[PDB]
Amino acid sequence: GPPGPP
Amino acid sequence: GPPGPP
Amino acid sequence: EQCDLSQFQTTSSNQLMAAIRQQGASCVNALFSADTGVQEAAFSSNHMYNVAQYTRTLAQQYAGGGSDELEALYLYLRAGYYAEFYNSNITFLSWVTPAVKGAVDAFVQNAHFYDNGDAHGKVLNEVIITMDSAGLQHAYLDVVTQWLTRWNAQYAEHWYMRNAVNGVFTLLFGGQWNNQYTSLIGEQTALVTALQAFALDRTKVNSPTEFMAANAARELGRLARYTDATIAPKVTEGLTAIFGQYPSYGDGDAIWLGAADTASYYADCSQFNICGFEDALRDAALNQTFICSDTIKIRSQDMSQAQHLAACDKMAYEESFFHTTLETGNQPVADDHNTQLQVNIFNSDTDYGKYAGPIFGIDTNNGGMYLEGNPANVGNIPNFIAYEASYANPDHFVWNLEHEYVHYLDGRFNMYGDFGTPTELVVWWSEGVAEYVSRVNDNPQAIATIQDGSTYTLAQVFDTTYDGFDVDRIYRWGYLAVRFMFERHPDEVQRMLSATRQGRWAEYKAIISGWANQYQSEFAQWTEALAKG
Ligand SMILES: [Ca+2]
Ligand SMILES: [Ca+2]
Ligand SMILES: [Ca+2]
Ligand SMILES: [Ca+2]
Ligand SMILES: [Zn+2]
């Protein structure tokens, strides 16, 4: 899925 | 499984 | 001064934006994993629409130099798509994404989009990532082609630019699950041209940007699945140039192997005459040989003699210690001829992640791996694969040397049949005995996981799987359960082993499920003592 936090 | 993300 | 996560739990779009611009990007981070009361409030479809419209007009005003506020605004937005995906209580309405695309378009169309600079790259990073979090990969192939074309040694000086522009490859990866992208990717000949030139630039080899060269090669290899599309010749032509310019092992092999990984999967190796590159790669990469004994052989990339000897002597120490702790009588299980072990040691985790995949066909998202083969096959020689690391144990400095080696011993003297044979879960035992024999009582993390308030029961340990790779549950609680049983019930351990040494997985499961009923009291008490002293 969508990229996590940096 | 398939090849993963960069 | 400090992050106030509660300020984001409001119905006021105005107050939400005040929290974003004041608390800054480092506090918006908390929204990724916040309570679903925080997430449901902070990511209402109105909030996303209003934040997006303010972000769009602010981004039209951007004048270069970076921007803490835009950085936090695009982070907030893409955090929403993260929250929509993982939280079932959140679904965005039809008009959210076209507003987010308006916000992203304003940054892309701004005169400063292709600026060089650390601060500018910090906001550009969030923008590139939002293109992916938000399902817009089909909308920005032109930007990918542009960044690939403009990228030069000056942009490369900045970590944040490398980090930001590396995002376009994740955009190509993520577009696989985007039907507008798959319906469109097949006509993108400018993109394929640019991916080729970027990957084939030799000045990237041995640079801080070699990983981007390798990601370009990998994503070009993905495009070889579109076997009849208009790009097929230029993808193929470009993959053949990569394979011909760079070596399979050596300077730039990251680019060669990146392309080989995806082009082999989504196409056929014979299209590029790289079929069977793995054998020559295995010889080139594990080019040393060192014979410990007539039963253990090391192949290594680059070890000193002093390391080889220390590894050989440490494996001999663990062998006799294993056999007295496990009461094997040195008698193997039946139908097992694995007398000889082969030990494969790469120079680092980096090398392991590059080479062990193609050579041994394993996944490298871990700290080493044991491969039993078929013990019943006459001539079978099992392998374990490992890497050197500075945190590994002296004097050999091989990460998990003793851990993987106990897997070899465990599989030959405790566990009947090859690795897949059991019809019940044995993850807790394999990883537990491997941790317990190699570490005995020196395991500060296993102690740590008792004190932190989160524990597991014997029943829960025994049913552990590799799914999700819960390192804490697998290795630390595997360790504690095996250690507890050995200290307080070594009789019971031998009865369980009597089943596993013969392959009676039903009786084995029966035995340990009894333990989980009775000894849960003992275990819970015994683990609190460890947290005491
Ligand atoms: Ca949802
Ligand atoms: Ca080395
Ligand atoms: Ca076995
Ligand atoms: Ca814990
Ligand atoms: Zn293991």
Side-chain angles (χ1 to χ4, degrees), chain B, chain C residues 162-163 166 169-170 172-173 195 198-222 224 239 241-267 269 272 274-289 298-303 307 342-371 383-392 397-401 404 469:
Chain C
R162 302 192 302 265
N163 195 39
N166 192 48
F169 305 119
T170 299
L172 297 181
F173 173 83
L195 279 163
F198 188 98
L200 277 165
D201 172 18
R202 292 181 155 292
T203 49
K204 300 197 175 65
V205 179
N206 289 141
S207 303
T209 63
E210 184 189 287
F211 76 107
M212 296 165 67
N215 290 335
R218 200 185 333 273
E219 292 312 322
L220 185 64
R222 223 177 294 272
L239 282 163
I242 293 171
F243 291 141
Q245 192 192 261
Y246 296 121
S248 156
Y249 175 86
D251 276 357
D253 60 16
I255 309 163
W256 197 100
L257 289 161
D261 174 23
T262 47
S264 297
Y265 188 94
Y266 295 98
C269 58
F272 314 106
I274 73 166
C275 287
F277 71 91
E278 318 87 35
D279 305 306
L281 175 61
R282 184 211 294 261
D283 281 5
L286 299 169
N287 55 84
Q288 307 182 295
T289 305
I298 296 167
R299 291 268 287 279
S300 52
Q301 191 174 13
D302 188 28
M303 279 170 86
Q307 285 172 283
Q342 176 163 341
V343 171
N344 312 253
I345 298 174
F346 293 91
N347 199 83
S348 64
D349 53 26
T350 297
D351 293 291
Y352 174 74
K354 234 198 309 185
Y355 300 131
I359 288 157
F360 307 94
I362 62 164
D363 282 325
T364 50
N365 64 291
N366 49 57
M369 178 103 150
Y370 175 56
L371 294 178
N383 297 260
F384 83 74
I385 311 91
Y387 51 81
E388 297 170 69
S390 52
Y391 43 93
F397 290 95
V398 175
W399 186 235
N400 283 313
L401 181 79
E404 302 307 334
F469 203 43

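Every chain is numbered from 1 and lettered A, B, ... according to where its sequence line falls, protein lines coming before strand lines. These values consider heavy atoms only, across backbone and side chains, with no hydrogens, waters or symmetry-generated copies.
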Notebook entry, point to check: Is it true that C:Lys354 and C:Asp349 have a side-chain N and a carboxylate O under 4.0 angstrom from each other?
Noted result: no
Next item on the list: Measure from NZ or CZ of C:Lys204 to the centre of the six-membered ring of C:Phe198 and say whether it is under 6.0 Å with the direction within 45° of the ring axis.
Entry: yes
So, taking the atom named [atom1] in [X] and the one named [atom2] in [Y], what distance separates them when rounded to the nearest 0.5 Å?
X: C:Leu195; Y: C:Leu239; atom1: CG; atom2: CG; result: 9.5 Å
X: C:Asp251; Y: C:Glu210; atom1: CG; atom2: CD; result: 7.5 Å
X: C:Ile242; Y: C:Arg218; atom1: CD1; atom2: CZ; result: 11.0 Å
X: C:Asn215; Y: C:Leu172; atom1: CG; atom2: CG; result: 10.0 Å
X: C:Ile359; Y: C:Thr364; atom1: CD1; atom2: OG1; result: 11.0 Å
X: C:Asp201; Y: C:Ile255; atom1: CG; atom2: CD1; result: 8.5 Å

Are the side chain of [X] and the backbone of [Y] linked by a donor-acceptor contact shorter than 3.5 Å?
X: C:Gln342; Y: C:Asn383; value: no
X: C:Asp253; Y: C:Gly250; value: yes
X: C:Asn344; Y: C:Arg299; value: no
X: C:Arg282; Y: C:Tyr355; value: no
X: C:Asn166; Y: C:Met212; value: no
X: C:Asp363; Y: C:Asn365; value: no
X: C:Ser264; Y: C:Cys269; value: no
X: C:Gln288; Y: C:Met303; value: yes

Decide if the gap between the ring center of [X] and the ring center of [Y] is smaller than 6.0 angstrom.
X: C:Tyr391; Y: C:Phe397; answer: no
X: C:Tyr249; Y: C:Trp256; answer: no
X: C:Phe243; Y: C:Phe272; answer: yes
X: C:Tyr387; Y: C:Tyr352; answer: yes

Margin query: side-chain contact (heavy atoms from CB on, under 4.5 Å) for C:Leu371 and C:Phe384? Distances and angles first, verdict last.
Written below: CA-CA 6 Å; C:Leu371 294 178; C:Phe384 83 74; over 6 Å; no
Quick check: closest heavy atoms across [X] and [Y], and the distance to 0.1 Å?
X: C:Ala356; Y: C:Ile362; value: O-CG1, 3.9 Å
X: C:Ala199; Y: C:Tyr246; value: O-OH, 2.7 Å
X: B:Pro6; Y: C:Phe173; value: CD-CB, 3.8 Å
X: C:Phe277; Y: C:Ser248; value: CD1-OG, 4.4 Å

Note to self: Could you go through C:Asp302 and C:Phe346, starting from their C-alpha distance and side-chain angles, then the distance that decides it, and tell me whether this counts as side-chain contact (heavy atoms from CB on, under 4.5 Å)?
What the structure shows: CA-CA 7 Å; C:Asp302 188 28; C:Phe346 293 91; over 6 Å; no
Item checked: Residues C:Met369, C:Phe360; criterion side-chain contact (heavy atoms from CB on, under 4.5 Å); working and verdict -> CA-CA 10 Å; C:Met369 178 103 150; C:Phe360 307 94; over 6 Å; no
Checklist line | Pair C:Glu388-C:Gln307, side-chain donor/acceptor within less than 3.5 Å | finding: yes
Item checked: Modelled atom types, side-chain donor and acceptor of C:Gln301 and C:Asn287, under 3.5 Å -> no
Notebook entry, point to check: Taking only residues two or more places apart in sequence or in another chain, which ones pass side chain to side chain contact (heavy atoms under 4.5 Å, CB included) with C:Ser207?
Noted result: C:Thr209
Next item on the list: Taking the side chain as every heavy atom from C-beta outward, state whether C:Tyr370 and C:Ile385 have any pair of such atoms under 4.5 Å apart.
Entry: no
Checklist line | Derivation of the side-chain contact (heavy atoms from CB on, under 4.5 Å) call for C:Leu281 and C:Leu257 | finding: CA-CA 10 Å; C:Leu281 175 61; C:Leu257 289 161; 4.1 Å; yes
